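If you read the sequence shown in the deposited numbering, its first letter stands for residue 1, the second for the next number, and so on. Virtual Cβ for every residue (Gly too), placed ideally from N, Cα, C. Encoded as structure tokens, the structure appears first; notes follow it.
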Amino acid sequence: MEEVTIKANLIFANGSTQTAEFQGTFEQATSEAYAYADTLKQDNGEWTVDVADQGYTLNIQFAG
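The structure is reproduced here in structure tokens:
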């Protein structure tokens, strides 16, 4: 009946960028953004994440 969309910005240590839009509940979309970043952690290293636009915007930076 009511859901949201979260836009994650992924900044790689190489310097490239990637955008990933997730849809579903407020909880689900956030959990999925972290899932995508977690799989990438093996070839991009540990990362940090920041909450923007009340959670609808996610900034994810790979520390390498």
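Note to self: On the DSSP bridge list, what partners appear for residue 21?
What the structure shows: Sequence index remark: in the sequence shown, residue 21 carries index 21 (1-based). For residue 21, which the question treats as bridged, DSSP gives the partners 7.
Margin query: Using the three-state DSSP reduction, which class does residue 52 fall into: helix, strand or coil?
Written below: Numbered from its first residue, the sequence shown carries residue 52 at position 52. Looking at residue 52 - three-state DSSP - the assignment turns out to be strand.
Note to self: Check this for me: beta carbons of residue 33 and residue 20, under 8 Å apart or not?
What the structure shows: Taking the first residue of the sequence shown as position 1, residue 33 is located at position 33. Taking the first residue of the sequence shown as position 1, residue 20 is located at position 20. Closer than 8 Å, so yes.
Note to self: Considering only the alpha carbon of each residue, which of 61, 29, 62 lies closest to residue 6?
What the structure shows: Position 6 of the sequence shown, counted from the start, is the residue given in the question as residue 6. Of the listed residues, the one whose Cα sits closest to residue 6 is 29.
Next item on the list: With a 10 Å radius around its C-beta and 16 neighbouring C-beta atoms as the bar for buried, classify residue 37 as buried or exposed.
Entry: Translated into positions along the sequence shown, residue 37 becomes position 37. Answer is buried; the Cβ neighbour count reaches 16.
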